[PDB]
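A lone chain, given as structure tokens: the form solved without this ligand.
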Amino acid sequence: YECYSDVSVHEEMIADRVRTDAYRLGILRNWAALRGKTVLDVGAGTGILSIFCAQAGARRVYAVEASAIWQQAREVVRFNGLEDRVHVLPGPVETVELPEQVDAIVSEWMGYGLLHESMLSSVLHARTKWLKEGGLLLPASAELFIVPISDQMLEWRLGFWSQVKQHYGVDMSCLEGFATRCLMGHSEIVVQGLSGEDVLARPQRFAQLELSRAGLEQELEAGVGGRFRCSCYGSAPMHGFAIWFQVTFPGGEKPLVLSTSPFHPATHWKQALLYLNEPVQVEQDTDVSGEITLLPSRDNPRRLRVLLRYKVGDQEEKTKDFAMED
């Protein structure tokens, strides 16, 4: 059967060493709590996290996987001789039947912008249904950050048309307006990796999601987020905002943090970019504030929508609402 996408998606995740080592170490550092205990792996994929749990000493791991990759998970487990310790089960976690409640849930559920097409609702469903009172959740929480940015690659693309004269003796500088409207004037969230120098101010946490928190499902439906305020470092053309997340694994010891910040090593999640309609020049101490909400799209409840109200310096407040890139 056709499976190009199957392999590519899992290759990308497992090739993401930042992600995979964070889970590797985040699970292993909890060995004392996992040794001789049971684990549910929500969305086991190739089974890698389930085998990490077994390495950490778990007696039984339930590796639940909804798509066809479950077949590969079964094979990886059998091949590593762990079929008596890791039970790969097909189908959605919402309807899986387990022989027992579990001591722990592990899951990599995070989407682009944390919440775009994420498995969070499934993890919470599984927590409610299958996790023992006082059970371990790995990771245990997630936090969302926002900061104003100047995107060097975007700047290059905006400038491209004025470079045509130098290359080919045809003046196309008149197309800057066009490029700006097309590249910035849309209402789509753009997934792109930034570096530290693109960041124009101190990043601000705008949401914290404690996965054990009661009523988190209802919060996610209504929208998560809040206000933010920061001050710019120097002269720059601000292009908009970047948002990203981190998730935290409890330690034995200090917690382990898997971060997708532009200051930290790159991951496959990159960051989620929210472009203004056009650049705005900022200076040292330019105040930038706003209010942001992440919520389900109307027409597709799995698709991320962002509501943003913002103010840059002395410019009037502006609204720009986004929906995730196709």
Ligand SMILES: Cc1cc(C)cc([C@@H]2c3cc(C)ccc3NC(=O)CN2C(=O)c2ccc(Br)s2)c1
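Sequential numbering from 1, following the sequence displayed. Each form is matched to the other, and the largest set of C-alpha atoms that superpose within 1.5 Å is called the rigid core.
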Item to check | Unmodelled stretch of the deposited sequence separating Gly169 from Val170, binned as none, 1 to 3, 4 to 9 or 10 or more | outcome: none
Item to check | Higher-B stretch (mean Cα B-factor, as the entry records it), 136-144 or 69-77 | outcome: 69-77
Next on the checklist: Averaging CA B factors per stretch from the PDB record, which one is higher: 12-20 or 298-306?
Outcome noted: 298-306
Item to check | Highest recorded Cα temperature factor - choice among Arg213, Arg205, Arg229, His239 | outcome: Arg213
Checklist entry - Which one of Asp198, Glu100, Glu108, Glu188 shows the biggest C-alpha B-factor in the PDB entry? => result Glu100
Item to check | Chain-wide C-alpha B factor ranking for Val88, given as lowest, middle or highest third | outcome: middle
Item to check | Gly234 - which third its CA temperature factor falls in, relative to the rest of the chain | outcome: middle
Next on the checklist: Split into thirds by Cα B-factor across the chain's modelled residues, where does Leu28 land: lowest, middle or highest?
Outcome noted: highest
Item to check | Ranked against its chain, the third holding the CA B-factor of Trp161 | outcome: highest
Item to check | Among modelled residues of the same chain, the CA temperature factor third for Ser122 | outcome: lowest
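We do not show the form deposited with this ligand bound, though everything after this point is about it.
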Item to check | Ligand-site call, this ligand overlaid in the deposited bound form, backbone or C-beta contacts under 2.4 Å, 3+ atoms | outcome: blocked
Checklist entry - Though this ligand is not shown, can you say which of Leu194, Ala201, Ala236, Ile189 has a heavy atom within 4.5 Å of it in the deposited bound form? => result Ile189
Checklist outcome for this item: Partner-free chain; cross-checking this ligand in the deposited bound form, the single residue of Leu158, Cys232, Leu120, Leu98 with a heavy atom within 4.5 Å is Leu120
Checklist entry - Do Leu294 and this ligand share at least one heavy atom pair within 4.5 Å in the deposited bound form? => result yes
Checklist entry - For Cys53, is any heavy atom within 4.5 Å of this ligand in the deposited bound form, or not? => result no
Next on the checklist: Would you classify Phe249 as touching this ligand in the deposited bound form, given a 4.5 Å non-hydrogen atom cut-off?
Outcome noted: no
Checklist entry - Is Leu82 close to this ligand in the deposited bound form, meaning a heavy atom pair under 4.5 Å apart or at it? => result no
Item to check | Partner-facing stretch of 53-61, 28-36, 281-289, 295-303, counted where any non-hydrogen atom is within 4.5 angstroms of this ligand in the deposited bound form | outcome: 295-303
Checklist entry - Are there residues in 48-82 with a heavy atom within 4.5 Å of this ligand in the deposited bound form, and which are they, in order? => result none
Checklist entry - Which of these moves by 2 angstroms or more at the C-alpha between the shown form and the other one, core superposed: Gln246, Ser150, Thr180, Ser118? => result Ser118
Next on the checklist: Using the rigid core as the reference frame, would you say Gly57 shifts its C-alpha by 2 Å or more between the shown form and the other one?
Outcome noted: no
Next on the checklist: So, superposing on the core, is the move of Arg302 at the CA at least 2 angstroms between the shown form and the other one?
Outcome noted: yes
Checklist entry - Is the CA-CA spacing of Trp109 and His116 tighter or wider in the deposited bound form than here, given a 3 Å or more change? => result closer
Checklist outcome for this item: in the deposited bound form the CA atoms of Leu115 and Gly47, compared with here and shifted by at least 3 Å, lie closer
